[PDB]
Amino acid sequence: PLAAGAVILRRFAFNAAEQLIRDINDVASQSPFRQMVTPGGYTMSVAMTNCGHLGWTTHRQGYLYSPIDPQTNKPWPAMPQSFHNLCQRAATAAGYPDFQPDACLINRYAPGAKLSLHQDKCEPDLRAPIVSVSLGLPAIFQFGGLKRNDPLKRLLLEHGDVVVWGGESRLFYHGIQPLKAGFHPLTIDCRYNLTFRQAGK
DNA sequence: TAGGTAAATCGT
DNA sequence: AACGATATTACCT
Ligand SMILES: O=C(O)CCC(=O)C(=O)O
Ligand SMILES: [Mn+2]
């Protein structure tokens with residue numbers, strides 16, 4: 001197993017991928033992908049958007065979840081049923097049958113884009129797991145421990161892979177190494193990631 | 001207030 | 001390039 005309370009479900013979302021990508025395009029047509037600026041003033045290499053009741057955003061003051069897209073000043077698009085159903089099935093297979101996400105972050109990685117090591121730790125209810133779906137180009141996923149200097153596991157995530165963490169591993173450090181360039185028939189030149197969370201309640 | 005918080009980039 | 005430091009400091013609440 002990946003870790004205590006963590007599992008990788010390889011190719012779990014492979015069959016659902018084409019529909020998921022159609023719905024990514026639908027979400028992005030309403031709340032476009034954008035590269036967010038950190039409180040410290042650095043632009044993230046990942047381009048992102050959100051769907052569902054809450055969306056992850058940056059302010060000058062820190063990180064926060066908001067029901068409103070600060071770019072459009074409209075609510076984030078509703079979570080697609082394809083997203084919700086896939087998340088439910090993956091969470092159940094991973095041993096979290098009661099997971100009820102209210103937020104889905106959509107990350108887009110161009111070649112060279114990365115996500116430096118971090119914890120998912122601004123959700124008020126840490127009992128709920130993280131469900132993380134990979135689509136398109138492959139990436140090296142780092143999965144560590146509770147401390148930033150804890151040893152990292154390095155796992156290639158390929159199209160359709162789903163990673164779930166929670167319980168003992170809920171606050172584990174993780175990230176994505178700079179994306180290698182390449183081709184995938186469904187995303188062409190990028191990697192998408194769907195990150196489902198219970199961000200409120 | 002004065003204790004807590006810095007975490008993406010930079011250096012090795 | 002895989003790690004560690006970032007603070008023997010600035011910026012807040
Ligand atoms: O893209 C991934 O696989 C990781 C995404 C992630 O950790 C995040 O967006 O917080
Ligand atoms: Mn994360």
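When reading the values below, keep in mind they use all heavy atoms of this one structure, side chains included, and skip hydrogens, waters and symmetry mates. Chain naming here is simple, since letters A, B, ... match the order of the sequence lines and numbering starts at 1 in each.
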North (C3'-endo side) or south (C2'-endo side) for B:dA8 via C1'-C2'-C3'-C4':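 Sugar pucker of B:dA8 - north, given that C1'-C2'-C3'-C4' is above zero.
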When the [atom1] atoms of [N] and [M] are considered, how many whole Å apart are they?
{"N": "B:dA8", "M": "C:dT9", "atom1": "P", "value": "25 Å"}
{"N": "C:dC11", "M": "C:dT6", "atom1": "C1'", "value": "15 Å"}
{"N": "B:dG11", "M": "B:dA7", "atom1": "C1'", "value": "16 Å"}
{"N": "C:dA7", "M": "C:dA2", "atom1": "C1'", "value": "23 Å"}

Verify whether one side chain among [X] and [Y] offers a donor that lies under 3.5 Å from an acceptor in the other.
{"X": "A:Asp189", "Y": "A:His184", "value": "no"}
{"X": "A:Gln142", "Y": "A:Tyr173", "value": "no"}
{"X": "A:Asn193", "Y": "A:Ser132", "value": "yes"}

Exercise for the section: Give a yes/no verdict on a cation-pi contact between A:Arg108 and A:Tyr192, requiring under 6.0 Å between NZ or CZ and the six-membered ring centre and an angle within 45° of the axis. Expected result: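 No - A:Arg108 does not lie over the ring of A:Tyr192 by the 6.0 Å and 45° rule.
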Original post:
Can you tell which of A:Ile176, A:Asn149, A:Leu152 makes a side chain to side chain contact (heavy atoms under 4.5 Å, CB included) with A:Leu117?
Top reply: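 Passing option: A:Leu152.
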task: Could you check whether A:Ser116 gets within reach of a base, just the sugar-phosphate, or nothing at all, counting any heavy atom under 4.0 Å?
output: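 Touches a base.
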**Request:** For A:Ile140, answer base if it contacts any base atom (sugar-phosphate contacts may also be present), sugar-phosphate if it contacts only those atoms, and nothing otherwise; contact means non-hydrogen atoms under 4.0 Å.
**Result:**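 The answer is nothing, as A:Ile140 stays clear of every strand by at least 4.0 Å.
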Whole-Å distance between [N] [atom2] and [X] [atom1]?
{"X": "A:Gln119", "N": "B:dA8", "atom1": "CD", "atom2": "P", "answer": "15 Å"}
{"X": "A:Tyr63", "N": "B:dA7", "atom1": "OH", "atom2": "P", "answer": "6 Å"}
{"X": "A:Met44", "N": "B:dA8", "atom1": "CE", "atom2": "P", "answer": "5 Å"}
{"X": "A:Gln61", "N": "B:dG4", "atom1": "CD", "atom2": "P", "answer": "22 Å"}
{"X": "A:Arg60", "N": "B:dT5", "atom1": "CZ", "atom2": "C1'", "answer": "15 Å"}
{"X": "A:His118", "N": "B:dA6", "atom1": "NE2", "atom2": "P", "answer": "15 Å"}

State whether A:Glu123 and A:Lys201 are salt-bridged, where the test is any N-O pair (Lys NZ or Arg NE/NH1/NH2 against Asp/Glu carboxylate O) under 4.0 Å.
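Looking at A:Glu123 and A:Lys201, the cut-off is not met.
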Notebook entry, point to check: Can A:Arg34 and A:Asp69 be counted as an ion pair, charged N to O under 4.0 angstrom?
Noted result: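 Salt bridge: yes.
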* **Nucleotide forming a Watson-Crick or wobble pair with B:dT9, both distances under 3.5 Å** =>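 Base partner found: C:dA5.
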Below 4.0 Å from chain A heavy atoms, what is the first contacting nucleotide of DNA chain C and what is the last?
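Using the under 4.0 Å cut-off, the span is C:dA2 to C:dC12.
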